[PDB]
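J.:
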Amino acid sequence: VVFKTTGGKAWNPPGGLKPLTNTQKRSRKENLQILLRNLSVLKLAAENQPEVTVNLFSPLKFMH
Amino acid sequence: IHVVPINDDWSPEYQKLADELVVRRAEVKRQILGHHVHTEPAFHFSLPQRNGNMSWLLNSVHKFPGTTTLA
Amino acid sequence: XXXXXXXXXXXXXXXXXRXXXXXXXXXXXXXX
Amino acid sequence: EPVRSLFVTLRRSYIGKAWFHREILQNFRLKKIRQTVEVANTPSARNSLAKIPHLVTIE
Amino acid sequence: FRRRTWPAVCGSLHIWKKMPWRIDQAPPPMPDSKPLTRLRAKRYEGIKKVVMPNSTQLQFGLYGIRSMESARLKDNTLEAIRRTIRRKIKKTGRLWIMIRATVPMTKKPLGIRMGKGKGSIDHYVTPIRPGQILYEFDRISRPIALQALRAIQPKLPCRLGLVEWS
Amino acid sequence: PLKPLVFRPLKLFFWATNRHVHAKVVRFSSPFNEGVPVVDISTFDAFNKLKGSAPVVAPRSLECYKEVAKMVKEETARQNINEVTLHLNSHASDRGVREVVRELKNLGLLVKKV
Amino acid sequence: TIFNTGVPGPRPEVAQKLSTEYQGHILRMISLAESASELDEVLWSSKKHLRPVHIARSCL
Amino acid sequence: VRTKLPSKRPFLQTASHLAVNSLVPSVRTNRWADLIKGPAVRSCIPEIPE
Amino acid sequence: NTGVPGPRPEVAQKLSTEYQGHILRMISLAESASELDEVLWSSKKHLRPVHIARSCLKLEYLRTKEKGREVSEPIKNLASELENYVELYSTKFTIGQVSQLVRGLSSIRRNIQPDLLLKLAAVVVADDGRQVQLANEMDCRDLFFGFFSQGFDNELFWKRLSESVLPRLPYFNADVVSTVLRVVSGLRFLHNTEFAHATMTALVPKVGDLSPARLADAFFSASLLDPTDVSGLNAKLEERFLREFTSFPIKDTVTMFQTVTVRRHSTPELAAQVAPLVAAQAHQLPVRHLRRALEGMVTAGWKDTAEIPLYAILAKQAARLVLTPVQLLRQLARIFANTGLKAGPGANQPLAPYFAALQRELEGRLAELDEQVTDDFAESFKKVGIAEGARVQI
Amino acid sequence: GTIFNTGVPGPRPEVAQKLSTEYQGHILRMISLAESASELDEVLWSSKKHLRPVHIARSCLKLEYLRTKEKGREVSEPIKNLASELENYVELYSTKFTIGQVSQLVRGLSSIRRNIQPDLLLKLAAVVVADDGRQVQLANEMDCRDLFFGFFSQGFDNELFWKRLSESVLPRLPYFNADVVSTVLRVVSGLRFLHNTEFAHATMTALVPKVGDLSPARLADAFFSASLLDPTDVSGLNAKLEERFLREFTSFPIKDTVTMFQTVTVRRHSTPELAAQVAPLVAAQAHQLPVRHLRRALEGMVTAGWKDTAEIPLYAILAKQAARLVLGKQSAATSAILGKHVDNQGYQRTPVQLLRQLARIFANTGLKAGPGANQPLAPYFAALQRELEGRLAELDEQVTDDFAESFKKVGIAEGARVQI
RNA sequence: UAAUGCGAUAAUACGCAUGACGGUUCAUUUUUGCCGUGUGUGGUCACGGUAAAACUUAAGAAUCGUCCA
RNA sequence: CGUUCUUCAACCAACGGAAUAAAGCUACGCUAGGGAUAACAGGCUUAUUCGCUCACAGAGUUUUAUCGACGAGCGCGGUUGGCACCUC
RNA sequence: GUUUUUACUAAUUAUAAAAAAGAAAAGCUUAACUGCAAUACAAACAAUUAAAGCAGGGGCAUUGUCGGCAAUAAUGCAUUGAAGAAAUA
RNA sequence: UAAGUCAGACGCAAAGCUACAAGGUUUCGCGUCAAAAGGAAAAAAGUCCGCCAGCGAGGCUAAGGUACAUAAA
RNA sequence: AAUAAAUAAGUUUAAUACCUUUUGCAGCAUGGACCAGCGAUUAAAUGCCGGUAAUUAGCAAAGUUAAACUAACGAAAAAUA
Ligand SMILES: [K+]
Ligand SMILES: [K+]
Ligand SMILES: [K+]
Ligand SMILES: [K+]
Ligand SMILES: [Mg+2]
Ligand SMILES: [Mg+2]
Ligand SMILES: [Mg+2]
Ligand SMILES: [Mg+2]
Ligand SMILES: [Mg+2]
Ligand SMILES: [Mg+2]
Ligand SMILES: [Mg+2]
Ligand SMILES: [Mg+2]
Ligand SMILES: [Mg+2]
Ligand SMILES: [Mg+2]
Ligand SMILES: [Mg+2]
Ligand SMILES: [Mg+2]
Ligand SMILES: [Mg+2]
Ligand SMILES: [Mg+2]
Ligand SMILES: [Mg+2]
Ligand SMILES: [Mg+2]
């Protein structure tokens, strides 16, 4: 983002940074919902952890 | 500030164990570094001896060791 | 639930929908 | 019902991200957007994923 | 998060810990009558934006005026405000002044290029923190306090409010 | 200019109060564990002993200080202790403590400060 | 300069399949297998790169 | 720390731990996490049919 | 840590650091044997006698939640690994630390090597019992029960410990005195001695301060140790039970009732004793406690009543637990036979479920049966009325 | 330090004075001072264009010293790979070695349990015996000693080779040192076809005046060989050797004492010296007694007839020592680490043959293992059961029966594990 | 830690003496603010710290005063 | 005459010090280069300058007719400056 | 430099060093040494910084310390020149 | 690699100098350009999305959009 | 920047040369009117580091030049007799 309003380089139109449109506000709402959802999932995983960890196969580990 | 022995051993016999560990540590380092990291000099001449130890200061004249007889 | 769901899908011959012996029982895939 | 493993999918690119966050993605072996990996549900893995909740989707 | 290494967590040499002034929450002390210093300062020493504690009240009077924003006020501004308050309230009014300009500021004359050291003192300023109480009054009525508030508001760059003791 | 600490298995301690002087010998295995006291003699014991036979003035007297040293020497000799290290503190400079230390050295016990 | 505190923890455990770069190691992996279960996992990871030579060697 | 020369501290610490391990045997001989480690599996969910 | 001179330099010169507290916190934070193993693996090189002593008690705490199942495998592995540290530090422990080592390893029903027990006993055998004084009351009660549970029988050890603890017996708490009393009753070389008399006397004024579990143990030990009330303990203990008969748990009520009954002091209190059992019969009654209840009721002579068929319920409870040692099964069968109730003839008899379960269990363990065991079972089977060589109806 | 970069160890004055000199021979010193197999390989690789037969002989001899340092384990991979590369140079220079160089080559390769190829081994033998051994005269005592033992260990049994070698060495036997003669005697005993030749008698006669100079290890081996070679004691060596052992019974290491003691018992010359023999064993049992020597001690004591005594339960401690070796448990105590106890070297799998022999000997001792809670033989069989459980594949019908007989003899036949 | 502590001859044999009232000095993380790092249209975000700074009600300990309600 | 050890001194203060030592003029000037760097003009900035609003104290003396201030905010790119972005 | 005593606990250009430590007072002394040194801090390199320990001759104590000074500044490579001693020719 | 480089620029976030000015200057944390095509904002080195081996009249999305210009309510 | 991608052939959409020099050039920064021919890390000796071979090299012709190599701690005991 750019907030500076001085200088000859026109990063923003005359008047400075423009306010968000309705679509932009909706876009930012959904980006935060995804982030909050990820943290909720990690809480479910921590409360339902098994006693013994599962062992997963990998060809590279097998070779070495 | 304290230094605690390896197995909380405060007996007077721990000193000899430390001495062996010091020798071992040098051997470990030389193995990791490799042969081409030389740790001793090898000149075409021998360094003089003073007071039973090795000295880096030269003598007035250079001579081969053991190449002369009495008189 | 994963074991009780893999069996149901396994008990479905989708390749038999292109064999001309088919009726309106070979496409009733979901609810038997 | 115990949770034994987690599925992590990459959503954002490496461009414009701090170098200390790219290391976490490389440890999970995620290289392309929409690529998915399966990891064991362990406390150490959950801690790492809590530092980049904005770059991935977790289920 | 705290940016330190494991050896620092155990053997730090910073035994006597003082919170930096820029972020310390302690209220400033009452102004004194010591003479102004002749030692140049740094620009940060005249600015402080952290809010006042959530327990600040009036200390001596029944009415007062507080600042809702941070600001940096010069000595000239305070003198004009003082005359305005004295004239507006009365001769028979009790006034407490809780602020004073003590931080010197430097300036260079016209026609001088950049460099060749720091300039010489020009005037003095004082930082103002949000919610800080600037003046207190006693031996007056509430309507008189409002008149004083309206008189000085046009003369200051920050929003002002009224405080009452109860 | 504080010197580094040196660990010793056997140490001698003194506790000087308003009324009595206490001496203890403690054995240690490591600085992190409590010690085991092997000798515990104070002027209170000496006063009860001498007063029956030879009248003394008070527990804090030269006669009792020498008596305490003698009793300490016997206990260490019985347990086969011949060398100890003295722990230095404020009480170690008391006149009563210094008299006891001097008597111990003359009896034959080797007391080291460092 | 320092952005994380503590000793680095264990690496995450990730399930992976054989990559095209290691298609020439399949015969070696078959030889190194010491049980039926291991051989089953080796073939499954290399499913997309199996050839007639690999199928014949597995039966042997 | 001001110098740009790479630090050798990790090398100096490894040489110390290796020397101790070589000469002084450990007290423990088992690790429970290794004892009960199960067989390697391909995944924790049933495969999706095509 | 303080540098101020004082009366106890032994406990004031100890060096305490933050790093030691960090490790101790991790041990206490562990919530399972699996977690505790990982904590010890990380700290392999930084474990000291204090840490080893605390870990043994942690195993005791962790196994308390596993009330039903036997000792888990990871607990056994931890105990074996810890013993390697005990041998290494065998001569670097304090009396307080040795006290909590034995208790921790004894609670897991583990046996210490005889050579190691001998070395650890030197804490009380050396220095003529001086180190005993350093131990506080909590240490003393663990030393008596811990070494007793290990089966350590050494006259010099027990003689020295008794002499050094005798002066402090009157001033210990009531429960601690009860613990010592139980140990004395289990050692033959301490019966009818000054130590036993002093222990009994010290308990006389402290009867009212005993906990229910310790109160029952004291009464059991006192009855065997002192058949003739020359100390007054039995009279006071019986009086407390009568006043608080219904205020104690079921297991404690059963124990006291059996002890009173075997003392030939039976009274018409069976009606009061039966009701608590039927109210709580499916719980608070392991196999050991059920046997005590059966012996007390049978010895007292209570007869099955229509309103409360206690024997019928007891037989069902016994069958549930079976579905155990053959000796316990044989002893229970004899007691049921002595009750005088039938099992076979009637279609629905009070003892039918027990014998039916007994036959099923014996069929699976026929190898363990011997000629004498078979004869004893046959006598019990004949007494109850089943001698046709056929399985029970139920 | 100050001379080298961070992390580089400072110079050793002893090594520095060797390398800094006015005389040549730099490459020989570099290979002689090598401390590991990897270091020696790097020296040879960087000096390939200047290697000569003298360098190859020293390199093969160094394999003996490196193996000695890495004791408590079998030959490691780097040693094996280094030996393989050296063999190619031996083939290249097979026609340029001298008798002394060949002697060093065989000794080094034999100490690593490396079998020289028959074609190459034949070439090396031909060099030594060429010209009827007339070149063997220009050799010192050490060269002759290494020739006899080096080839014997390899297994070279060519009659013509040994006949020519014996003929040339025969006149010099009286002038060899006691240790050199003892080595020759060992070879003669192992070669059947020389048992009754005049060479064997000449060796025994030459050793008569040199008994006092034998080292404890050579003295023990000489007594063993003389017992088998000359049961009639016509030469008198056995009488002299026995007399020295009696005089210096306590002046020899434990291993040599056990070997000599066993030889006396099998010779039916037992005397009331058991009290003197028992104390050294209990005094030093955790060390100086590997599995092989532990079996030797049991056979000698059992044959002699010593019985367990309350003060010194020798059989009880031996069972614990045997169990410790089988399990391989180590101790972190400072005294054990500084004492270089054998039990702390690690774990070494032992042949089942030794396990059967030990089990039979313990059974013949007459002590119980199972019935008592703490019996002398309890720890050994408990360890044996654990070890066998992990190596069931090696158990066959005969081995199982042999152990079963031993288990019944001691008193464990209920099909249950040992109490300990 | 009454084998204590304090003292005006201050030494310690003698003087005051361990209770009770009053005034001083030292828990649901008390829970709010605030600070740091990360992400960010400049905050409808996350975690941690304050034994660095403001902020609550106790209970106890160390002196001191006291014919005591 | 040469070498080694134990030591010191001078100018190096432009203080990593060496071609032994060692000042100026050029508007009579010459060559190689730079908008990597100045003087005129453009650009960015707006302290200063200028304008407007709030403020209505103080002069006029019923009038904010007219004159006019402490202090604060905003605007302009025409005054004195700052920077070195375009052209050597 | 090092021992003993105690109504003392400061000062530096600047500074919350330090109580088994310092300052002052009283006594004896020259380690303000000869020949070496593991291992580290720092650092482009040159140089710069701390230092356990070994041998010799000493000082004060009587088995501890001394390779200058509370600590953080008081400096200058190589060359050329000069002095004391020793070894050659 | 005994190679090249030792003229750097701006955005967000801090501090010194200037006037809490400059597309100013000196340090510092991250990113982008330099050496980076493609998409969105009007043209758009440094802002937002995203890293181009080649061809194709297949499909799903990111930032941003969904009465005309101009694809989609 | 005079072309490109398409088209029902009517047209529609995309699209500020190259070089040199720069933090940054469509540049209002530098060079070229166009075509043909000419026009810039080459040779010797020596040294260092890789690759490929010979298995010492050169003369001479049973004897001579050049190079290279040349002491470091003689440490193993594996005998079911
Ligand atoms: K991006
Ligand atoms: K200069
Ligand atoms: K120009
Ligand atoms: K043209
Ligand atoms: Mg512009
Ligand atoms: Mg979107
Ligand atoms: Mg010109
Ligand atoms: Mg410019
Ligand atoms: Mg610039
Ligand atoms: Mg350097
Ligand atoms: Mg001395
Ligand atoms: Mg000094
Ligand atoms: Mg430059
Ligand atoms: Mg530069
Ligand atoms: Mg700039
Ligand atoms: Mg460039
Ligand atoms: Mg779509
Ligand atoms: Mg449209
Ligand atoms: Mg430019
Ligand atoms: Mg032109």
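Quick note, the sequences are listed as chains S, G, X, C, Z, E, P, H, W and B, same order.
Per this note's numbering, residue 1 is the first one in the first sequence, and the count goes up by one each step.
Per this note's numbering, residue 65 is the first one in the second sequence, and the count goes up by one each step.
Per this note's numbering, residue 136 is the first one in the third sequence, and the count goes up by one each step.
Per this note's numbering, residue 168 is the first one in the fourth sequence, and the count goes up by one each step.
Per this note's numbering, residue 227 is the first one in the fifth sequence, and the count goes up by one each step.
Per this note's numbering, residue 393 is the first one in the sixth sequence, and the count goes up by one each step.
Per this note's numbering, residue 507 is the first one in the seventh sequence, and the count goes up by one each step.
Per this note's numbering, residue 567 is the first one in the eighth sequence, and the count goes up by one each step.
Per this note's numbering, residue 617 is the first one in the ninth sequence, and the count goes up by one each step.
Per this note's numbering, residue 1011 is the first one in the tenth sequence, and the count goes up by one each step.
Note that the Cβ used here is the ideal one computed from N, Cα and C, for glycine as well.
1. DSSP has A408/E in a bridge; who is on the other side?
2. How is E205/C classed by DSSP in three states: helix, strand or coil?
3. When the Cβ atoms of the stretch 1019-1029 of chain B are set against those of the stretch 74-83 of chain G, are three or more pairs found closer than 8 Å?
4. Within this structure, are the beta carbons of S172/C and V223/C separated by less than 9 Å?
5. Starting from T580/H and walking both ways along the alpha helix (DSSP H), at which residues does that stretch end?
6. Along chain W, in chain order, which residues have C-beta atoms closer than 7 Å to that of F405/E?
7. Is the shortest distance between the beta-carbon of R757/W and the beta-carbons of chain G less than 9 Å?
8. Taking buried to mean at least 16 other C-beta atoms within 10 Å of its own C-beta, is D600/H buried or exposed?
9. For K275/Z versus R385/Z, is the C-beta spacing smaller than 9 Å?
10. Give the residues of chain S in contact with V513/P, contact being defined as C-beta atoms less than 9 Å apart.
11. Taking one C-beta from the stretch 1366-1379 of chain B and one from the stretch 1389-1404 of chain B each time, how about it: are there three or more such pairs within less than 8 Å?
12. From which residue to which residue does the alpha helix (DSSP H) around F1209/B run?
13. Between the C-alpha atoms of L926/W and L939/W, what's the straight-line distance to the nearest angstrom?
14. Alpha carbon to alpha carbon, what distance is there between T209/C and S551/P?
15. Would you give the residue range spanned by the alpha helix (DSSP H) that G1118/B belongs to?
16. What separation, rounded to the nearest whole angstrom, lies between the Cα atoms of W598/H and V687/W?
17. Given this structure, state the Cα-to-Cα distance separating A1314/B from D1412/B, to the nearest angstrom.
18. Any idea if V449/E is buried or exposed, counting beta-carbon neighbours within 10 angstroms, 16 or more meaning buried?
19. So that I know if they touch, is there some Cβ in chain H lying closer than 9 Å to that of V92/G?
20. With which residues is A297/Z paired in a DSSP beta bridge?
21. Could you tell me which chain E residues have their CB closer than 7 Å to the CB of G720/W, listed as they occur along the chain?
T.: Working from what's here:
1. In the DSSP output, where bridge partners are listed per residue, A408/E has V413/E.
2. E205/C carries a strand assignment under DSSP once its states are collapsed to helix, strand and coil.
3. Touching, no, given that fewer than three Cβ pairs across the two stretches are closer than 8 Å.
4. It is not a contact, given that the beta carbons lie outside the stated cut-off.
5. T580/H -> alpha helix (DSSP H) spans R575 to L589.
6. Within chain W, the residues near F405/E are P625.
7. Closer than 9 Å: no.
8. Exposed, since its Cβ has fewer than 16 Cβ neighbours within 10 Å.
9. If you check the CB distance, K275/Z and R385/Z do not come in under 9 Å.
10. Within chain S, no residue has its beta carbon less than 9 Å from that of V513/P; the closest one is some 20 Å off.
11. When Cβ pairs closer than 8 Å are counted between the two stretches, the stretch 1366-1379 of chain B is seen to touch the stretch 1389-1404 of chain B, the count reaching three or more.
12. Per DSSP, the continuous alpha helix (DSSP H) segment holding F1209/B begins and ends at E1208 to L1217.
13. C-alpha separation (whole angstroms): 20 Å.
14. Using only the alpha carbons, I get a separation of about 24 Å.
15. First-last of the alpha helix (DSSP H) with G1118/B: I1109 to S1121.
16. If I take the Cα positions, the gap works out to 15 Å.
17. Rounded to the nearest angstrom, the two C-alpha atoms are 24 Å apart.
18. Exposed, because fewer than 16 other Cβ atoms sit within 10 Å of the Cβ of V449/E.
19. Contact of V92/G with chain H is assigned, a C-beta pair being separated by under 9 Å.
20. Under DSSP, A297/Z takes part in a beta bridge, and its partners are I354/Z.
21. In chain order: nothing, as chain E lies at least about 18 Å away.
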